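For the record, the sequence lines run as chains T9, R, BL, 4, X1, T6, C4 and 2B.
Start counting the first sequence at 1; every next residue gets the next number (PDB author numbering).
Start counting the second sequence at 2; every next residue gets the next number (PDB author numbering).
Start counting the third sequence at 2; every next residue gets the next number (PDB author numbering).
Start counting the fourth sequence at 1; every next residue gets the next number (PDB author numbering).
Start counting the fifth sequence at 2; every next residue gets the next number (PDB author numbering).
Start counting the sixth sequence at 36; every next residue gets the next number (PDB author numbering).
Start counting the seventh sequence at 2; every next residue gets the next number (PDB author numbering).
Start counting the eighth sequence at 1; every next residue gets the next number (PDB author numbering).
Below is one structure, written out as C-alpha cells; the observations come after it.
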Amino acid sequence: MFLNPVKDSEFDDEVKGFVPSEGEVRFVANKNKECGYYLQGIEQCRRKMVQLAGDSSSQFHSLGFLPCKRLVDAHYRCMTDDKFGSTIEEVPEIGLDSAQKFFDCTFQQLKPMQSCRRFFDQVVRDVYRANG
Amino acid sequence: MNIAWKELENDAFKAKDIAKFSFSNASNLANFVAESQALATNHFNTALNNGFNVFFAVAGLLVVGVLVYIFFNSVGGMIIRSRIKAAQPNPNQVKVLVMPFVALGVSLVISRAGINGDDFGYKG
Amino acid sequence: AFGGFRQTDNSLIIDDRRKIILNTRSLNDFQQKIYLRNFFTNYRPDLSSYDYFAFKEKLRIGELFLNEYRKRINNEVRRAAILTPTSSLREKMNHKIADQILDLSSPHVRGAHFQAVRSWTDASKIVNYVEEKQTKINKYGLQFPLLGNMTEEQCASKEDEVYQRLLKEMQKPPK
Amino acid sequence: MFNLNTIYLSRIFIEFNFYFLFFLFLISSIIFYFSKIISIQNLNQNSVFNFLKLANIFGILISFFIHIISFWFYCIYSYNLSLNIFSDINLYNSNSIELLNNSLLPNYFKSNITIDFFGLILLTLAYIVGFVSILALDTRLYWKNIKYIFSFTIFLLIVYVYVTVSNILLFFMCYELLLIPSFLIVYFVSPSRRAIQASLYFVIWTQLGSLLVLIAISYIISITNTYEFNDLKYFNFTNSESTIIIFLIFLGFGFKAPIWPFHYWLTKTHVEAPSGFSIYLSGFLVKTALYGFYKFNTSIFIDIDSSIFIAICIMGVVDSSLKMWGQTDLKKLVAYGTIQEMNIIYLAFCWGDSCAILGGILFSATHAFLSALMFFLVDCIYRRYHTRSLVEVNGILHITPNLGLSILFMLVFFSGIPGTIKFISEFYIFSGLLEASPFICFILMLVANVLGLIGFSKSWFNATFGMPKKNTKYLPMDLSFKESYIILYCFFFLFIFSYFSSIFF
Amino acid sequence: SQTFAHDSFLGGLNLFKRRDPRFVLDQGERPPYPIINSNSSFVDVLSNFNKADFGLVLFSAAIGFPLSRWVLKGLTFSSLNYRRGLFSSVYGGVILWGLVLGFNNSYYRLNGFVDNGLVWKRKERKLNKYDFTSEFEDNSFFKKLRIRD
Amino acid sequence: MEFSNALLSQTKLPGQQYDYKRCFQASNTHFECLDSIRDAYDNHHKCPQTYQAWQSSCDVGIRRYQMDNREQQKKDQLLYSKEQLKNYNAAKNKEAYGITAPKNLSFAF
Amino acid sequence: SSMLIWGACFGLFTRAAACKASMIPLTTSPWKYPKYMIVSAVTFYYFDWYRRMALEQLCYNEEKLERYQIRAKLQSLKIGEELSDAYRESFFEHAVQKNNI
Amino acid sequence: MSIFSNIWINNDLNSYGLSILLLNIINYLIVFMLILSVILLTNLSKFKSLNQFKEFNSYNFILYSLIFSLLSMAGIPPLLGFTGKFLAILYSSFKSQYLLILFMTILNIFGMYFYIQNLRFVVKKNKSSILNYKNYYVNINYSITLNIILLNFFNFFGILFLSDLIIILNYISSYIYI
Ligand SMILES: CCCCCCCCCCCCCCCCCC(=O)OC[C@H](COP(=O)(O)OCCN)OC(=O)CCCCCCCCCCCCCCCCC
C-alpha cells in the first residue's frame, strides 16, 4: 500500500497517494528476486511446525515457531544486504512497527502468506527511505 | 534437515522473541491445519454435491425435452401431423404438448435459481 | 529448472559487485539469468504476483473511471443544452464546464484508443486515485452489493462500525 | 451475494459437458462398430446410419444447450472473481480460496481446467458452426463413407480440450490434432474431381505453418523447461529470442489464418471442397489460429516494432478486397471476403494485450456467422441451379424469391448496417487504428469498405436480378424450412449479439 | 527375497531371479555371493555340475518335444525318414541348448553371480532412495522374480 | 569416451587377468580394518598392513571404483535413513495418483 | 485402474477389430476371445513391472553419470584454465583429495 | 553445469540425444514394417509404378491403413512419425543449433510433400482386386491382418504411451559412459 494519512483532515480516515522512487522499486524487486527462497521456506516452515505440535500435549509445544525464526533472520539479512544487522531484532527504530505488524500477521494471525509479504516489504521500504 | 526442534531451548532466546514466536490458541491452529480459516470442508462438499445434482437434473431434463419434442413433431408432413394429432386422444395431445415445455422450462428455472443468491440473510 | 540459450556475440562483462570478468559467449544458464535476463517487464516489479494482479485490475478500473468522468461531463453538457437557451448557454458553459471538458481530453483520458501510454509513475498515480476513492467509500460500507461480497456475519459488524463512525463524525465541532 | 455454489456450478458444468460429449461419442462409435461386420451403410430402411445421424445431431444440440448455461455461469464467476480482488483494500486480508475436486470423474489428461472469455467464444462458435455444417452434409454422406458423420463431434472434443487447458504443450497438441479430420473430409466427401489436389495444397501449406509454430514451441520449451503459462512470468527472453519467437509464431499462425502471401491453399480448398466443410473452415477452423497466437503473444515480452506485421496484414486486406470485382464464381468471392475480414481480425492482435483485442474477439464471431451464411447461400444456389457461376445463373429473384431476399439481406448485413455486430467491430478496430495511424486507417477503410464492397455487390446483384429464361423445364423450387430457419438464425444471432453484456468487449 | 536352493533340481530357476535389470556388474563391483573360483577353466565348470544343471538339461529335454513338433508342422513334400531325421536334429539342438544353459549356471555359481549356498560376512548396505517397485511387487507375482526388493 | 574411468578400467594389457577372489578378500579385510574408526576422510595410514595388502592385491581401476563407491556411500549415509526414505517413497507414490495444479497468484517471487 | 483388466480389455477389442478387418463375422472362432485377453493381460502386466524397474536403475545410473560429467568438464578445460582461479580449487580437489586410492 | 564454492550442479542428462536417435530409428522401422505388412497381404506383382498406388483401393482396411502409414511417414502430427521429428527439433533447440533446425525444416517439408504426393495416385475408378486366389477364392491372411491391427493401434495412439518408451531408451542410453 502506498497511501499516507492526511493530517488535520475534516473527517477521520482521509488518505493521499504517493509513488516511490525508481531506486526503491529497483532495490525491492532485485532483493525479492534474489531472496525469494527464504520467503517460500517461511510458508513451508510455518505449516510444518503446526503439523507436528499443533496440539498442546506435544513435548515441544512451548517452543512454537522458534526454528523458523532462523529463516526469518536470513530473509531479513538478504533483504537488507547484510548492512544493518544479523537478526530482525537489530532493525533500526524506523520500520520497527512494520516488523511487529509482520509478526502479528504471520504467526498470531496465521494469514495466507500474501498479506505478510506486504509488511516485510514495508520494513524494507522504510529502511531504504531512512538510510541510503 | 537442519530445521528441527532438537537442541532448542528457551534459555538461549529472550522472552520477547518467544512472545513473538509462540503458538496461537487452539482454535486458530486447528483452522490453520484444516485450512478452514474462511470456509469449511463441509461447505465445499455441500457445494460439490449441489453442483453434481444440478448438472444431472439439467442435462436429463434437457435431453428428455428435446427427444420428446423431436419424436412428437417428426412424424410426417403438416397434413399427416394434423391427422395424427386429431386421431390422438385428449390426454395424449395434452402430454405431447405440455411435457417437453415442462422439462425445458424446469431446466431453465434450475439454472436461474443457480445464478441468483436469494438465501442471503441480511434482508430488511 | 530454467535453462538458457548459448550466446554468440563476443563482449566483455564486468561484475564489480562480485569482482569478476565474464564473456557473453561463454555464459552458462545461471550466468545468463543474472546478466542478460535481469530486466523488468512490469509497471511495478516490486509487487508480488498477487499484488500485481490487484494493481493491474485497479489500473483497468481507473482507465474506465476516467472514461466515466468524460461521459458524465458530456451528459452534463447535453442537459445544459436542453435546459438552457442559447442566449446564455455559452457564458454559463464557459463557467467551470469548458475547463473540465478540456481537462478530460485525449492525453489525460484514454477514450476510444487502443492503449493509454503511461509511465510506471502515472500508472501508480491512477491506482492510488482509485484506492483513495475505495477507502472513502469503504469506511461508509457503501460497496456491499455493487462492488463487494460480504457474508451475513460481516454485514452486521460493518453496520455497527459505520453507525459508530457516523455518530463520531456528527458530534465533532465544525471546521 | 456471490458464494461458492456458483463457482462449483461453473467448474462442474465445464468438466461434465465434455464428459457428456465423450460418452455420447464412445457409445455411438461402439454401436457403429459392433452392429455390423463391414461398417458401411446397408442401403435399406433399417440402417444403423439413421440412428447414428440422429445421435450426432442430438448430442451437439444438447451439448450446445448445456454450454449456453455453462457459458453464463463462467461470466458471473469471472465478474465476481475480479471484484473479490478489487475491493480487498485491507492490508491484513487476502483472497485465499482453495477448491476441491469432483469425486465422479477424473481430470482429463491430468490437468486443471482453466477457461477465459475468448476460449468460450471459440467453443460456442465451434458448437454453432458445427451444427450448421453437419446439417449441410446430409446429401454428401452415403454408401461407404458414412463414418464421417462423426467428424464434428471429434472437432468439438478437440476444441474443448484446446480451450480448457493451461498446459502449453497440450495446447499445441490440440492445435495440431485438427488436420487429419479436415483432410479426410476434403478427400473422401468432396464430389468435385479437382478436390484431390486441393486437399494436398491444404495439407502442405497448413503443415508448413504448423512446422513454424512447432519450431517456436520447441524454442520456448527447451529454453524454459516448463509447460505452464504461469512460469513464463518468472523467466525473461532476450531480444534475439523474442524476435525469433514472434516472427515464427506470426508466420506460422498466418499460414492458417491466411495472411497476404499465403492464401492460394484457402482459395483452392474453398473452390473445390464440399459446402458444409467450407462453412466449417471459414466459420471456425481459421479462428483456431487467432486464439493460439493470442496466447503466445500475451505470455511473452516482445520489444520489437509491429509495423512489419501490421503492413503484412494491411497488404492482405488490400490485396483480397481489390480482387473481388474480377470474380465470377460466387464461392471464390466468398473466400476472398473471408480472407479480407480474417486479415482485419489478425491486424487487431498486433498491439499485444491492449484494448485492441476486444474488437478482434467480437469480429471473429461476426465473421464466423457471416461466412457461414454466405457459404450456405452459395450451397443453396449450387444445389438449385447446378452451377455457381454468374455467367450461367441469374434472376434468382422472380423464381424462388426467398433465396434472392436472403441474398439481398446478406449483402446488407455484410455492408454493416449500424444495428449489428459487424458495425460494432468495425467501429472498435477503426477507432483504434485512426488513433494509431490516421492515413493508414483512411486507406484501409476506403479500400475495404468501398472498392471490395462494390465488387462484391456487383457480382451478387447481377445474380439476383435478370430474367431466368434458359431452361424452364429444369427450374427449381424455393427454400425449404431447414435453409430458411438456418438463414433466419444467422440474422437473429447477429442482431441479438449486438446486445451482449458490456463487461466483456 | 528367498531364492531356490542350489544343488537341487529347481536351482536353475534362480537364473530368472535378479536384483537389478543390469546385464553385468561394474569392473570393481562385488558379486552378490562369495567367489569360489574366479579364474575357472573348462574342467572346473564341469566338476561343479550338480543336480541343478541336470535339472536344466531335463527341462530342455521336456520342452524340446513340443518345440520340435511345432517346427515340424512346417514340412511339406517330405518322407517319413526325412521327417524323423529333422525331428531328431531339432530335439538334439534343444538338448545342446539345455547343456549350454547348465554350463553357464555352473560357471555363474563358481563366480558367485548366482546363489551358491554362501553368504558374505559383511552385507553391502544399500539405501533404497528411489523406489517405484516395492509395493507393486508386494501386490503381484513379480515379488518372486525380484531379490531384496 | 576418453573421459570415463569405467571404460578406462576395462582397458588391460594383453595377457592380463584379475584374481577377483583375492582382491575382494583383501578389500573386505581393509574395509573392516576401517569402518571401525570412522572419519569424514578415510585415512589408509591408520590401517597400514591391510592397506598394503589391498594395494598389492587389487588393480588400480578396481581401487578407484571402490573409493568412488565408498565416497558415495558415506555421502548418502549422512543424509538419509531407511524409515524416512520409505515414508518419502510412499508419499511420492501416493501423490503420483493425483494431478499437479498451477500455483496462481503466488507471493514468493 | 488395473493393468490386468486394461490388458484384458485390450485383447477383447483387438480380436473384434481383427474380425472386422478380415471381413470375417464376429462370433467366429469364439475360443480366441478368452485367449487374446489372457495373453494381452499378462503382456501389459509384465511391461508395467519392467517400466517401473527401469526407472529405478535409470535413477541410480544418473548418480554415476553425475560423477562422470564433473570429471569430463575438468578434463575438457582449455589449456591454461586448469590453474586459473576459477577452476584451480575444484581441479586440485580431484587431483589431490580424490587421490585416496 | 554451474559451480558454487567448488560444488558442481548440472541439470543436463548428457545422454538424451542418443535416446532420441534410437527413438527415431525405432519409430521409422515400425512405420516401415506397417506399410510392408500391408504390401505383403496383397499380390506383389501389381505395384511397379508410382501411379499404381491406386491398387491399394480394394477394401477399407487396406486403403485406410496405407493412407495412415503414408501420413505417419510424412510426419503428420497425430501419428507416430511426428513424435520423432518433434523430439529431434526439441533436442536441437536444447543444444542451440538454429541452422540445423532450419535445414531439418527444409528437409521435412520437402519430404512431406514427397510422401503426400502419392495420396493423389490412390484414387481409382473401381475396386482394385489385388488379392491372391487360393481354392478358387481370394486368400486373406488373418495373422498379418492382426499384426497390422496392432501396428495401427500404436500408430494412432502411440503418442499416449511414448513416455514409457522414452524412459526405457534413456535407461539403455545411460549405460554409454556410466
Ligand atoms: C493372470 C495374471 C496372473 C499374475 C501374473 C502372472 C505373470 C506371469 C508371466 C510374467 C513373468 C514371466 C517371466 C518374465 C517375462 C519373460 C522375459 C521377458 O519378457 O523379458 C523382457 C526383456 C528382459 O530383458 P532385461 O531383463 O532387461 O535383460 C537385461 C538383463 N536381464 O526386456 C527386454 O528385452 C528389454 C527391452 C527391449 C527394448 C524395448 C524398447 C525398444 C522397442 C520398443 C518398440 C518395440 C516394437 C516391436 C519390436 C519387435 C518385438 C516384437
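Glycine is no exception: its CB is placed at the ideal position from the N, C-alpha and C atoms.
*Can you give the Cα-Cα distance for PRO274 (chain 4) and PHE183 (chain 4), rounded to whole angstroms?*
Locating residue 274 (chain 4) in the fourth sequence gives position 274, counting from the first residue. Locating residue 183 (chain 4) in the fourth sequence gives position 183, counting from the first residue. Rounded to the nearest angstrom, the two C-alpha atoms are 12 angstroms apart.
*List the residues that DSSP assigns as beta-bridge partners of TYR133 (chain 2B).*
The count along the eighth sequence starts at 1 and reaches residue 133 (chain 2B) at position 133. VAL138 (chain 2B), per the DSSP bridge assignment.
*To which residues of the same chain is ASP379 (chain 4) closer than 7 angstroms at the C-beta, ignoring the five residues directly before and after it?*
Position 379 of the fourth sequence, counting from 1, holds the residue named residue 379 (chain 4). Excluding residues within five positions, the ones whose Cβ falls inside 7 angstroms are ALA136, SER275.
_Is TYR177 (chain 2B) close to chain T6? Criterion is C-beta to C-beta, closer than 8 angstroms._
Position 177 of the eighth sequence, counted from the start, is the residue given in the question as residue 177 (chain 2B). Yes - at least one Cβ of chain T6 is within 8 angstroms of the one on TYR177 (chain 2B).
*Quick one: is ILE185 (chain 4) buried, meaning 16 or more other Cβ sit within 10 Å of its Cβ, or exposed?*
Here the question's residue 185 (chain 4) lines up with position 185 in the fourth sequence. Looking at its Cβ environment, which holds 16 or more other Cβ atoms inside 10 Å, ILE185 (chain 4) is buried.
*asked:* Below 8 angstroms on the Cβ atoms is my contact criterion, and I expect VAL189 (chain 4) with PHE65 (chain 4) to pass it. Report the Cβ-Cβ distance as a whole number of Å.
replied: Counting from 1 along the fourth sequence, the entry for residue 189 (chain 4) is found at position 189. Counting from 1 along the fourth sequence, the entry for residue 65 (chain 4) is found at position 65. Between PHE65 (chain 4) and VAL189 (chain 4) the Cβ distance is about 28 angstroms, and since that is not below 8 angstroms, they are no contact.
*How should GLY77 (chain R) be labelled, buried or exposed, when 16 other C-beta atoms within 10 angstroms of its C-beta is the threshold for buried?*
Locating residue 77 (chain R) in the second sequence gives position 76, counting from the first residue. Under this definition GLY77 (chain R) is an exposed residue.
_Tell me the DSSP secondary structure of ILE21 (chain BL) in three-state form._
If you number the third sequence from 1, residue 21 (chain BL) lands on position 20. Strand.
*Can you give me the start and stop residues for the beta strand (DSSP E) that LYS16 (chain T9) sits inside?*
Walking along the first sequence from the start, residue 16 (chain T9) turns up at place 16. Per DSSP, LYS16 (chain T9) belongs to the beta strand (DSSP E) from 15-17.
*Does any CB atom of chain R fall closer than 8 angstroms to the CB of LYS69 (chain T9)?*
Against the first sequence, residue 69 (chain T9) aligns to sequence position 69. Yes, because at least one Cβ of chain R sits closer than 8 angstroms to the Cβ of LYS69 (chain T9).
*asked:* Once DSSP output is grouped into helix, strand and coil, what is the label at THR400 (chain 4)?
replied: On the fourth sequence, position 400 is the one that residue 400 (chain 4) refers to. The answer is coil: DSSP assigns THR400 (chain 4) none of H, G, I, E or B.
*Pairwise C-alpha distance: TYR485 (chain 4) and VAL391 (chain 4)*: The count along the fourth sequence starts at 1 and reaches residue 391 (chain 4) at position 391. The count along the fourth sequence starts at 1 and reaches residue 485 (chain 4) at position 485. Rounded to whole angstroms, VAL391 (chain 4) to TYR485 (chain 4) spans 29 angstroms at the Cα level.
*asked:* So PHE102 (chain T9) and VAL127 (chain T9) are supposed to be a Cβ contact under 8 angstroms. How far apart are they, rounded?
replied: On the first sequence, residue 102 (chain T9) is found 102 positions in, with the first residue counted as 1. On the first sequence, residue 127 (chain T9) is found 127 positions in, with the first residue counted as 1. Wrong, their Cβ atoms sit about 13 angstroms apart, outside the cutoff.
_Assigned secondary structure, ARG89 (chain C4) (DSSP; H/G/I helix, E/B strand, else coil)_ = As a position in the seventh sequence, residue 89 (chain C4) is number 88, starting the count at 1. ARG89 (chain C4): helix per DSSP, three-state reduction.
*DSSP puts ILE9 (chain 2B) in a beta bridge; with which residues?*
Here residue 9 (chain 2B) refers to the residue found at position 9 when the eighth sequence is read from its first residue. For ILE9 (chain 2B), which the question treats as bridged, DSSP gives the partners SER2 (chain 2B).
*Selection from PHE115 (chain BL), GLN135 (chain BL), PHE66 (chain BL) that minimises the alpha carbon distance to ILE85 (chain 4)*: By 1-based counting over the fourth sequence, the position of residue 85 (chain 4) is 85. Closest by alpha carbon: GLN135 (chain BL).
*asked:* Below 8 angstroms, how does it come out for the region 123-137 of chain 2B and the region 241-254 of chain 4: are there three or more Cβ pairs, yes or no?
replied: No, they do not touch.
*What residues match up with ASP16 (chain BL) in a beta bridge as DSSP calls it?*
For the purposes of this step, residue 16 (chain BL) is taken as the residue at position 15 of the third sequence. According to DSSP, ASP16 (chain BL) bridges with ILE21 (chain BL).
_Contact test: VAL43 (chain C4) Cβ vs ligand 1 heavy atom, cutoff 7 angstroms_ = Taking the seventh sequence and counting its residues from 1, one reaches residue 43 (chain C4) at position 42. At least one heavy atom of ligand 1 is nearer than 7 angstroms to the Cβ of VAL43 (chain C4), so yes.
*Note down, in chain order, each residue of its chain lying with its Cβ closer than 8 angstroms to the Cβ of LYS458 (chain 4), except the 5 sequence neighbours on either side.*
Locating residue 458 (chain 4) in the fourth sequence gives position 458, counting from the first residue. Excluding positions up to five away in sequence, the list reads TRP325.
*So, is the C-beta of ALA29 (chain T9) closer than 8 angstroms to a C-beta in chain BL?*
In the first sequence, counting from the first residue as 1, residue 29 (chain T9) sits at position 29. It does; some Cβ of chain BL falls within 8 angstroms.
*So is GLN32 (chain BL) in contact with chain 4 if we call contact Cβ pairs under 8 angstroms?*
The residue you call residue 32 (chain BL) lines up with position 31 of the third sequence. No, because no Cβ of chain 4 sits closer than 8 angstroms to the Cβ of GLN32 (chain BL).
*Inspect the beta-carbon positions of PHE363 (chain 4) and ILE339 (chain 4) and report whether they are closer than 8 angstroms.*
On the fourth sequence, position 363 is the one that residue 363 (chain 4) refers to. On the fourth sequence, position 339 is the one that residue 339 (chain 4) refers to. Against a cut-off of 8 angstroms, the Cβ pair of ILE339 (chain 4) and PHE363 (chain 4) comes out as no contact.
*Is it the case that the Cβ atoms of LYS59 (chain BL) and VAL128 (chain BL) are separated by a distance below 8 angstroms?*
Position 58 of the third sequence, counting from 1, holds the residue named residue 59 (chain BL). Position 127 of the third sequence, counting from 1, holds the residue named residue 128 (chain BL). Cβ distance < 8 angstroms, so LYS59 (chain BL) and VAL128 (chain BL) count as in contact.
*asked:* Under 8 angstroms, Cβ to Cβ, is there at least one residue of chain R near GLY54 (chain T9)?
replied: In the first sequence, the residue the question calls residue 54 (chain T9) occupies position 54. It does; some Cβ of chain R falls within 8 angstroms.
*Within chain 4, the residues that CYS105 (chain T9) reaches when beta carbons sit closer than 7 angstroms*: For the purposes of this step, residue 105 (chain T9) is taken as residue 105 along the first sequence, with counting starting at 1. Correct list: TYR92.
*Separation of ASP54 (chain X1) from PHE10 (chain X1), as counted between CA atoms*: As a first step, residue 10 (chain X1) must be located in the fifth sequence, where it is residue number 9. As a first step, residue 54 (chain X1) must be located in the fifth sequence, where it is residue number 53. Their backbone Cα atoms lie some 8 angstroms apart in a straight line.
*Alpha carbon to alpha carbon, what distance is there between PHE142 (chain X1) and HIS7 (chain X1)?*
Indexing the fifth sequence from 1 puts residue 7 (chain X1) at position 6. Indexing the fifth sequence from 1 puts residue 142 (chain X1) at position 141. Using only the alpha carbons, I get a separation of about 22 angstroms.
*Rounded to whole angstroms, how far is the Cβ of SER37 (chain 2B) from the Cβ of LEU151 (chain 2B), which I believe are closer than 8 angstroms?*
Walking along the eighth sequence from the start, residue 37 (chain 2B) turns up at place 37. Walking along the eighth sequence from the start, residue 151 (chain 2B) turns up at place 151. Indeed, because the Cβ distance is near 7 angstroms, the residues count as touching under 8 angstroms.
*C-alpha distance - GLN117 (chain 2B) paired with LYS127 (chain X1), whole-angstrom precision*: Here residue 117 (chain 2B) refers to the residue found at position 117 of the eighth sequence. Here residue 127 (chain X1) refers to the residue found at position 126 of the fifth sequence. Pairing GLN117 (chain 2B) with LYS127 (chain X1), the inter-Cα distance amounts to about 59 angstroms.
*Could you spell out the range, first to last residue, of the alpha helix (DSSP H) harbouring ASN51 (chain R)?*
Taking the first residue of the second sequence as 1, we reach residue 51 (chain R) at position 50. Here the alpha helix (DSSP H) through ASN51 (chain R) covers 42-74.
*Which residues of chain 4 have a Cβ atom closer than 9 angstroms to the Cβ of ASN150 (chain BL), listed in chain order?*
Position 149 of the third sequence, counted from the start, is the residue given in the question as residue 150 (chain BL). Those within 9 angstroms of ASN150 (chain BL) in chain 4 are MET1, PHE2, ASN3, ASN80, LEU83, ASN84, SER87.
*Could you pull out every residue in the same chain whose Cβ sits closer than 6 angstroms to the Cβ of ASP52 (chain BL), ignoring the five residues on either side in sequence?*
In the third sequence, residue 52 (chain BL) corresponds to position 51, counting from 1. Correct list: empty, nothing qualifies.
*asked:* Pairs of beta-carbons, one from the region 394-409 of chain 4 and one from the region 470-486 of chain 4, closer than 8 angstroms: are there three or more?
replied: yes
*Could one say the Cβ of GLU176 (chain 4) lies closer than 8 angstroms to chain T6's Cβ atoms, at least one of them?*
As a working note, residue 176 (chain 4) is residue 176 in the fourth sequence. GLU176 (chain 4) is outside the set of residues whose beta carbon lies under 8 angstroms from a beta carbon in chain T6.
*Would you grab the beta carbon distance between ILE167 (chain 2B) and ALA55 (chain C4) for me? Rounded to a whole angstrom, and I think it's under 8 angstroms.*
For the purposes of this step, residue 167 (chain 2B) is taken as residue 167 along the eighth sequence, with counting starting at 1. For the purposes of this step, residue 55 (chain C4) is taken as residue 54 along the seventh sequence, with counting starting at 1. Contact holds; Cβ gap of about 6 angstroms.
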